[PDB]
């Protein structure tokens, strides 16, 4: 019924590690598109939107649409038993009581198999309206993670101000104030430290640093992160997965 095989298991390992601390139990909706996920945290403050397109699996085969209700802590415990370079095979029958994961060793003739009992999750699906953002910032994911951790040590809220010149992350706390200003940057041989600002109108919004630090647990998935800002819409933090995406939506502090 459902088979999705990852050529290197690392991807799923990182994907689950980028999600678990934000949302506990989730539905993996599998269809002809691949595997999608939409989940709000228990706050109802942020929203995870993940798409793993059929392109990414060795054979991807989904005979019928299926929702796999999985506890992400259990899935993390099962995925920790796989090596980054193992061959991962996910399978599920029609009307499944469990999801089957198989990890195949590259070198040795070693085979691991796990069966995770599925969950019944009522999730209330939300409609994402395909938004045009006033400001779009492309930056190194590790630099954004460092900024978020640094400012989170001082405060609970960060102001992101996007202009044509660059982006300014600022905060205020008991210690005092802090700011990191990044500028529009191009490099030829080393493009891992590039910063792009596509802007039609300056934006300035305030966000929870705890949620941004949780979002930055996706840093291992890509060397670039995209921040999308506009008034009256939530912030979009997007990590490209290669034939898919992992997106976090965060409502501003009002």
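Numbering follows the first chain given and starts at 1.
Averaged over CA atoms, B-factors in the entry run higher in 51 to 59 than in the other of 51 to 59 and 211 to 219.
Higher mean CA temperature factor between 225 to 233 and 187 to 195: 187 to 195, per the PDB entry.
Ranking 74, 145, 152, 131 by Cα temperature factor from the entry places 131 first.
In this PDB entry, the Cα temperature factor of residue 125 sits in the top third of its chain's modelled residues, the highest group. For residue 136, the recorded CA B-factor ranks within the middle third of the chain. Only modelled residues enter the ranking. The PDB entry assigns residue 34 a C-alpha temperature factor belonging to the middle third of its chain's modelled residues. In the PDB entry, residue 182 places in the middle third of its chain by CA B-factor. When the modelled residues of the chain are ordered by C-alpha B-factor, residue 106 sits in the highest third.
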